[PDB]
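Q: Quick one: this structure, given as structure tokens, is what I'll be asking you about.
Number of protein chains: 2
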Amino acid sequence: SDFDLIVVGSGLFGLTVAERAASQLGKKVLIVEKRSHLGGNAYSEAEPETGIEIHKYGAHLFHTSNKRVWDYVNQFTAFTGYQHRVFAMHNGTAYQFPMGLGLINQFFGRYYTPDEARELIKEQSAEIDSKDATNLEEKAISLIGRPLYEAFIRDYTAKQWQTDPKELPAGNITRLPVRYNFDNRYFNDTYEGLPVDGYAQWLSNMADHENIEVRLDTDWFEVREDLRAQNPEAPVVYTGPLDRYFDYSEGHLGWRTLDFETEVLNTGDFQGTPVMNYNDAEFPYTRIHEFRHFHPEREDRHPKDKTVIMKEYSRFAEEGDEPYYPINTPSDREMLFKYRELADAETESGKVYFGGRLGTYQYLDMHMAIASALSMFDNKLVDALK
Amino acid sequence: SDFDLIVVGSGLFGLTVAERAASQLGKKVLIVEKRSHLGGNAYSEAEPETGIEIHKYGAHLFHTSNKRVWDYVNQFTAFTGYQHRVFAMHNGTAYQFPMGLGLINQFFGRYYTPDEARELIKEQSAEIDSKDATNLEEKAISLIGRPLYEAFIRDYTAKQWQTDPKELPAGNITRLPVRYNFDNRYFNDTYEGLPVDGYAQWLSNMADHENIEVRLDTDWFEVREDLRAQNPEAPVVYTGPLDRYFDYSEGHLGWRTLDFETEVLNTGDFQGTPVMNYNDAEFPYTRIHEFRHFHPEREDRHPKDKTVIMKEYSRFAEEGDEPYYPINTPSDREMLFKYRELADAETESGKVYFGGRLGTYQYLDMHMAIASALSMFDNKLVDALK
Ligand SMILES: Cc1cc2c(cc1C)N(C[C@H](O)[C@H](O)[C@H](O)COP(=O)(O)OP(=O)(O)OC[C@H]1O[C@@H](n3cnc4c(N)ncnc43)[C@H](O)[C@@H]1O)c1[nH]c(=O)[nH]c(=O)c1N2
Ligand SMILES: Cc1cc2c(cc1C)N(C[C@H](O)[C@H](O)[C@H](O)COP(=O)(O)OP(=O)(O)OC[C@H]1O[C@@H](n3cnc4c(N)ncnc43)[C@H](O)[C@@H]1O)c1[nH]c(=O)[nH]c(=O)c1N2
Ligand SMILES: CC(=O)N[C@H]1[C@@H](OP(=O)(O)OP(=O)(O)OC[C@H]2O[C@@H](n3ccc(=O)[nH]c3=O)[C@H](O)[C@@H]2O)O[C@H](CO)[C@H](O)[C@@H]1O
Ligand SMILES: CC(=O)N[C@H]1[C@@H](OP(=O)(O)OP(=O)(O)OC[C@H]2O[C@@H](n3ccc(=O)[nH]c3=O)[C@H](O)[C@@H]2O)O[C@H](CO)[C@H](O)[C@@H]1O
Ligand code: NA
Ligand code: NA
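Chains A and A', in that order, give the protein sequences. A prime marks a further copy of an entry chain. Start counting at 1 in the first sequence, then tack on 1, and there's your number in the deposited numbering. Start counting at 1 in the second sequence, then tack on 1, and there's your number in the deposited numbering.
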């Protein structure tokens, strides 16, 4: 045949399935991608004026404690020593973030020893007890108290979800968001970095295999009947939207979307840090990314006087609006449940597997998606190709 | 012979000379050390109560941009990903450090954009111009202005040198100590970490060679006549005090010393950060080190309820007081100059080379000393042993 496997979508999930089939089973793999580029939402490209790498589907920071995933991805790219850090803007002051001795000092007026801060939090938060909380505002206050909740969580959360926090499931805060030290690494994971030559270069390296064919600008649904005809029981990994596959025959799955406002400013440096969160309601956006700071190791190939920034806005996804985050109203998880048995059927019906964030309606970090793909490869696909 | 080279001292300098001679030239090397342990001032050991590694000759943070040195030392040990950061205590508040957008925000009351802060510094510092400054207080103010100078430099400097800053050479500040971003990595070097199994283990690995013999608890001057007798033109690398070698026949070289007050507290965490600088005069010490934070990767082998801290005090070195930092009064650098031709003579006289911080009266970072040793090995010793 000309191919042994078809992969719909070229995000990390599809790519990982592809690469494994090509390199490990030596099979011929056709990848079909709807967009103009490889990569799915992890894709980055250079802003034209400055040459600075930007991510057009949201900033992507890579981090894992899964050694298997880490060793895997380093096959395709090297990473930088970048450690992610975030600052939080509130009442004209950039606060250290997340909540720890750093923020506590700036906000409450003086230094608290680690023990002093535990005690501080005990009082501040003893108003509501965590088992008698009903919504999100309560659950938060019950954990960290009102002054902190109202300054660093209330408006930020409301912006991100377009909703009053009193109207949100108390289940959305599960642990204490406070550190009793000065450690402000954003992520707690073993391995962390950015792809040295950017995401696009990395993603491309995954598909660069003598057994992998890629057709960009190709909707699966327009060419499925044709391609399956050419080799009828080559199996398919589908990583497109799950509900769309079954023609919304059980209703439209609810996503949150993001709008990105991207300016080139005529300064070398706009905030002197990769990400600045904006926590007060008087700003429409949740945060601003200044991308040159994501790769300081390149500063001598960066414009000395311009910088590309990008403001992030959040709202509910309508038609054509990119799906980013699943919403998961209970009136969402029920039509999921029905689609999963539709799919399971379709998997034993027509050898079509469903994976990745769109095809399972699930938020996945990059390492999570890659792990998910590697799982499906080893447990489902190795058998499906012999 | 029983040895081909004698090395006086087992600090990084001596060790590096030793290892190179043993492994590269295959020579027999006798190392003579006065103290009870290997390592010189880089030596660390476990505090007995807690088991936490402490450095008894001052905290040692390893950092370099010299690839040669870095590749070398990794022969003998692995490093952690530790990145050094420092906070500065002033008027009951822990400030982000060094001076950058972080500190500027906390101290001046609100956030300054990078451009906003450059401008802020331009005004603040325009009082004195840097070419018309006479002492240290002036030179500092001329660069960053009075409010900052007086809050973060004045008392700190005076503590460290036991002197009013007006009475200090203006030459001691050479560049702008300010960052116009939020980056608070303490060191700007390519490579940085702590030895994974501690310094002692590292230092020991260097001397662990089938060609290297080590005699601890042995003063060179007590055994020189005897050992040189056994092989009379085996050469000597001397890394002990330079003036003491020549029996202070040109006067006593002036050092600053350090006093270390080391307590075990009954808390798991005393300041929640490796190092806290104390900048106000109302505290005798310059800073406090809390050593468990130097190695967070070990926290499950660290006492959950005790922590070893250590306060650092500074004054001028009298007899027997450990020499740490050279003072370099002009009435110090002149008796140096005389000792260097004494030594150069002694080198062509009796094949005795002088190296390392004590034998050259020079502050050396660890990578600097190692580089210095590797230089002397390649340029002086390879010829001296054929
Ligand atoms: C805003 C935001 C920010 C981040 C992140 C996500 C989001 C939403 N990520 C997560 C990351 O984006 C995620 O792990 C990957 O998108 C998952 O790759 P997938 O293969 O699952 O889907 P993905 O959506 O990337 O790939 C699917 C591909 O299939 C294509 N396709 C769809 N329908 C098709 C059809 N009918 N025919 C053909 N092609 C079709 C799409 O065009 C797309 O290229 C992240 N993770 C992390 O670890 N750290 C981070 O910092 C971030 N940041
Ligand atoms: C307070 C402080 C703090 C730091 C540092 C220094 C100081 C003073 N260091 C620098 C580091 O200590 C320095 O690089 C090494 O001490 C240099 O090793 P040497 O071989 O030159 O001398 P070092 O003094 O270490 O070795 C000399 C040895 O010779 C022995 N000796 C002396 N006379 C003798 C005799 N007569 N006979 C036999 N033996 C004799 C001594 O007992 C000692 O063991 C540092 N650097 C860095 O990169 N990062 C850091 O964070 C720090 N921190
Ligand atoms: C870029 C990306 O993939 N982001 C996702 C990732 O972490 P992120 O670190 O990007 O999380 P986020 O900043 O988007 O915030 C997550 C939640 O934390 C709260 N919050 C956060 C920041 C702040 O300044 N104040 C505040 O209150 C708020 O309730 C918010 O909904 O995983 C999260 C789950 O843990 C969410 O899925 C995020 O969308
Ligand atoms: C542990 C160690 O080996 N330290 C040495 C190392 O850097 P260190 O980072 O340890 O420097 P340090 O903190 O001892 O300070 C160096 C100088 O900077 C000024 N200062 C520093 C900190 C602060 O909070 N406020 C302030 O004013 C002050 O004038 C002081 O004399 O190299 C320095 C030279 O660059 C000195 O040789 C230090 O002794
Ligand atoms: Na509570
Ligand atoms: Na000036």
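Backbone N, C-alpha and C define an ideal beta-carbon position, used for all residues, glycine too.
Take the Cβ of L217 (chain A') as the centre, count every other Cβ of all protein chains shown within 10 Å, and call the residue buried at 16 or more, exposed below.
A: exposed
Q: How long is the line joining the alpha carbons of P148 (chain A') and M90 (chain A'), rounded to whole angstroms?
A: 15 Å
Q: May I ask you to list the residues that DSSP assigns as paired with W256 (chain A)?
A: A:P327
Q: Kindly confirm or deny that the region 89-109 of chain A and the region 177-197 of chain A touch, where touching means at least three C-beta pairs closer than 8 Å.
A: yes
Q: Could you check the C-alpha separation between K307 (chain A') and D116 (chain A) for me, to the nearest Å?
A: 13 Å
Q: Name the chain A' residues that come within less than 9 Å of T114 (chain A), Cβ to Cβ?
A: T268, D270, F271, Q272, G273
Q: Of all the residues that make up the region 90-103 of chain A, which are near chain A' by a beta-carbon distance shorter than 9 Å?
A: Within the region 90-103 of chain A, those residues whose Cβ lies closer than 9 Å to any Cβ of chain A' are, in chain order, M90, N92, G93, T94, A95, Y96, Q97, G101, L102, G103.
Q: Could you say which of A:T361, A:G146, A:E120 lies nearest to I129 (chain A) if we only look at CA atoms?
A: A:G146
Q: Can you look up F317 (chain A) in the DSSP assignment and give me helix, strand or coil?
A: For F317 (chain A), the three-state secondary structure derived from DSSP is strand.
Q: Could you give the residue range of the beta strand (DSSP E) that holds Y354 (chain A)?
A: 353-355
Q: Are there any heavy atoms of ligand 1 lying less than 8 Å away from the beta-carbon of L365 (chain A'), as far as the coordinates show?
A: no
Q: Any heavy atom of ligand 3 closer than 8 Å to the beta-carbon of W162 (chain A)?
A: Under cutoff, so the answer is yes.
Q: Where DSSP assigns a beta bridge to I289 (chain A), which residues make up the other side?
A: Bridge partners of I289 (chain A): A:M277, A:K312.
Q: Within 9 Å of any Cβ in chain A, is that where the Cβ of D5 (chain A') sits?
A: no
Q: Does the beta carbon of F295 (chain A) sit closer than 9 Å to a beta carbon anywhere in chain A'?
A: no
Q: Identify, in the order they occur along the chain, each residue of the same chain with its Cβ nearer than 6 Å to the Cβ of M336 (chain A'), setting aside the five sequence neighbours on each side.
A: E251, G252
Q: What residue range is occupied by the uninterrupted beta strand (DSSP E) comprising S45 (chain A')?
A: 45-47
Q: Applying the 10 Å Cβ sphere with the 16-neighbour rule, what's the burial state of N173 (chain A')?
A: exposed
Q: What is the rounded straight-line gap between the Cα of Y354 (chain A) and the Cα of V8 (chain A)?
A: 9 Å
Q: Report the option in A':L259, A':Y364, A':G59 whose CA atom is closest to the CA atom of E291 (chain A').
A: A':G59
Q: Determine the direct distance from the alpha carbon of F88 (chain A') to that of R155 (chain A'), and round the result to whole angstroms.
A: 17 Å
Q: Express the C-alpha separation of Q97 (chain A) and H294 (chain A') in angstroms, rounding to a whole number.
A: 19 Å
Q: What's the gap between the Cα of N92 (chain A) and the Cα of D281 (chain A)?
A: 7 Å
Q: Per the DSSP calculation, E193 (chain A') is bridged to which residue(s)?
A: Secondary-structure assignment with DSSP links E193 (chain A') through a beta bridge to A':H64.
Q: Could one say the Cβ of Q107 (chain A) lies closer than 9 Å to chain A''s Cβ atoms, at least one of them?
A: yes
Q: Taking the alpha carbon of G255 (chain A') as the reference point, which residue from A':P331, A':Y73, A':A385, A':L169 has its own alpha carbon closest?
A: A':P331
Q: Please classify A127 (chain A) as buried or exposed, where buried requires at least 16 neighbouring CB atoms within 10 angstroms.
A: exposed
Q: Does ligand 1 have a heavy atom nearer than 8 Å to the CB of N329 (chain A)?
A: no
Q: If we count Cβ pairs, one from each stretch, closer than 8 Å, do we get three or more for the region 25-45 of chain A versus the region 296-311 of chain A?
A: no
Q: Can you tell me where the beta strand (DSSP E) with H368 (chain A) in it begins and where it stops?
A: It is not in any beta strand (DSSP E) - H368 (chain A) instead sits in the alpha helix (DSSP H) that spans 367-377.
Q: With burial defined as no fewer than 16 other Cβ atoms inside 10 Å of the residue's Cβ, what is the status of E48 (chain A'): buried or exposed?
A: Looking at its Cβ environment, which holds 16 or more other Cβ atoms inside 10 Å, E48 (chain A') is buried.
Q: Can you give me the C-alpha to C-alpha distance between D244 (chain A') and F183 (chain A), rounded to a whole angstrom?
A: 44 Å
Q: Could you tell me which chain A' residues have their CB closer than 7 Å to the CB of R111 (chain A), listed as they occur along the chain?
A: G93, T94
Q: Report the residues of the region 173-201 of chain A with a CB closer than 7 Å to any CB of chain A', ordered along the chain.
A: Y181, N182, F183
Q: Less than 8 Å between the CB of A89 (chain A) and some heavy atom of ligand 3, yes or no?
A: Yes, since a heavy atom of ligand 3 falls inside the 8 Å radius drawn around the Cβ of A89 (chain A).
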